[PDB]
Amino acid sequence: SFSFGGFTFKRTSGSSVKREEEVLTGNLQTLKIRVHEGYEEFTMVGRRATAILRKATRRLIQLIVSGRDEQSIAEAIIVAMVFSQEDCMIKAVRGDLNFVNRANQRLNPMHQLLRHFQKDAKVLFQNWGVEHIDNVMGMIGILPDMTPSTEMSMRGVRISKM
């Protein structure tokens, strides 16, 4: 297990090979990220939300989240989207990233991204994408403005009523 974004991640299936990649944000800032290539499934546990995530190579496949309120659910979605390393997330960055930790040391690139989207996830959610969903009992969709929907949801994302 490891911790990211206030969530305890535990991998429950799959594996990944690693490779270094440089990505370029819209503000023309180069970020050096470590990509984990391959299908993996994780449970995420937070203070007020939990999630199950399936990802592949820079690609969120499926995310289910449960939480007490809109805020904590949003927090889990943000962490999963950043963790996915999806291009649309990199492209959602606005301005330069220069965040530091509690010892004023520069955060590594995944935490630069996390901090950025913890401040504002509007562009992230807006650029992520939406899809039609099926009616499945116990599950509901969520739109980029956090409105629930029985018909549509952000791509790959479902909210559990349980």
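For every residue, the number given is its place in the sequence shown, counted from 1.
- Between the stretches 81-89 and 67-75, it is 67-75 that shows the larger average CA temperature factor.
- Looking at mean Cα B-factors across 28-36 and 105-113, the upper value is held by 28-36.
- The entry assigns its greatest Cα B factor, within the set 98, 118, 62, 43, to 43.
- When the modelled residues of the chain are ordered by their C-alpha B factor, residue 142 lands in the lowest third.
- Remark: residue 150 belongs to the middle third of its chain, ranked by C-alpha B-factor as recorded.
- In this PDB entry, the Cα temperature factor of residue 136 sits in the top third of its chain's modelled residues, the highest group.
- In the deposited entry, the Cα temperature factor of residue 123 places it in the middle third of its chain's modelled residues.
- Sort the modelled residues of the chain by CA B factor and residue 51 lands in the lowest third.
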